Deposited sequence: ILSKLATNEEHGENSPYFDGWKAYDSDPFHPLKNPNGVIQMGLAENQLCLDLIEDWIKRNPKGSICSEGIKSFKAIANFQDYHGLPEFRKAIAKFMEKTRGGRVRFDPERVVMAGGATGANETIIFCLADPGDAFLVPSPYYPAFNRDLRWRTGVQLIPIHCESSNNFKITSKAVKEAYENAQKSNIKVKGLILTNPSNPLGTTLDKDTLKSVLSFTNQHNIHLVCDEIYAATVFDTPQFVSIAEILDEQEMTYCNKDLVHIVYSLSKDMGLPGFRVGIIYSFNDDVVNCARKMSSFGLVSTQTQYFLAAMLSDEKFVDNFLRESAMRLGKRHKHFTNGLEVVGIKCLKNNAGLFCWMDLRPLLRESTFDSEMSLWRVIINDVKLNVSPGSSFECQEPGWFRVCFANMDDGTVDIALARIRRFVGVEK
């Protein structure tokens, strides 16, 4: 007899294996599937390598980091993260390192914050489309459930007050304890930063009902165009809202996107609620960052010229690449939701859809992965309520590869009417 969790254990994985069974490689398999489904940021690893070399060395006082095992981590780590989080939000706000908490990547930060704010049975509101890991991350071992907040293309998938309320009030009508709402800002798969007002309109609805607002700002430093990224933190430093319960406000973070170090498993939880801060720290012991990696990060994120050079450079490349991939599709007549951040773009393949069904959508998908041989992500995968949208990632390959993927798309669409 295994537990229910293990005992209760594949459709959207089609592109996943199509890739694994035929990965594109310039020399080994130049016609294989090109991985465009993982939101990875490798445009600036070279800059990190240059650093790990000379400016200075950093990684290995071994005994100290080898035996250190406090749920608080190395002081410099906390300081560096808080420091790094600051520059990311244009110094517009400050972060108290004593509040910095660790988790096994954003994965663990998410599961932990949920464990800290909701009981099994309770529900959390999530705007859609939304990162699918949530379905497991926020729901698998927490028992908590999800309730989507509708979003259309007609308004660029913006989060509207009416929609936030409608979803919420329906839950009450369904006797479902709603304890919070979890945003992703910058957005995934939308790749767009949230409008200052929109955030206030959410925090307020959140505050007005004493429910928590969990901001997943894991894509903060991947902004590359206007508008500016507005942290929920910055909205807690504004007069118009000096009277908001800071107990219902939590931020989730990681170093996976704006430094591309997912393997380092650097999950961060920054609560404004002292109690939550603690529980998350006690829970942080199940997913503590490696002292070796902590030591490595403290040193690295402490170099301002670097942390300041990296941030600026990283914004450039991402923009340089996004624009290219954007013009690339504008050429063959493909439109994307306009975005300013992230490691991907929300592609509109609606004009290729026969009818307007998710089935029609999945078929187009089977073609892109078997015949176009590109592994992209189908909108229905992010719980998108309208067929035709596909998330396409462009930050994990060469310019050469991108242009190929672009060339392949040219033929597909070209032969589509």
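Comparing the deposited sequence with the modelled residues, the stretches lacking C-alpha coordinates are 10 to 14, 66 to 71.
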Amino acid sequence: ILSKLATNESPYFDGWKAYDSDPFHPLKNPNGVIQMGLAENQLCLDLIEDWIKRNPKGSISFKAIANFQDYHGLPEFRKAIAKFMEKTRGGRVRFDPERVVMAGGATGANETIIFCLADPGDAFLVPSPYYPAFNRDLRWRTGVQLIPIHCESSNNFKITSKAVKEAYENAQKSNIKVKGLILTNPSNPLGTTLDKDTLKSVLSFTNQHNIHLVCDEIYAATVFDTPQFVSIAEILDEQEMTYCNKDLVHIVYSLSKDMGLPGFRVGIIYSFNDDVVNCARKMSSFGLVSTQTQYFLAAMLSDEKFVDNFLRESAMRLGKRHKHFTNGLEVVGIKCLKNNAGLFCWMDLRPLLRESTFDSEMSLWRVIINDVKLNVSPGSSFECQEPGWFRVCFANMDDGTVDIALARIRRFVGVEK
From here on, numbers count along this sequence of modelled residues.
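Stretches 253 to 261 and 167 to 175 differ in mean CA B factor, with 167 to 175 having the higher one. For the pair 370 to 378 and 39 to 47, the mean B factor over Cα atoms is greater in 39 to 47. When the modelled residues of the chain are ordered by C-alpha B-factor, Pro23 sits in the lowest third. For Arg391, the recorded CA temperature factor ranks within the lowest third of the chain's modelled residues. Annotation for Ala64: CA B-factor lies in the highest third of the chain's modelled residues.
Among the modelled residues of the chain, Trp346 sits in the lowest third by CA temperature factor in this PDB entry.
The PDB entry assigns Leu353 a C-alpha temperature factor belonging to the highest third of its chain's modelled residues.
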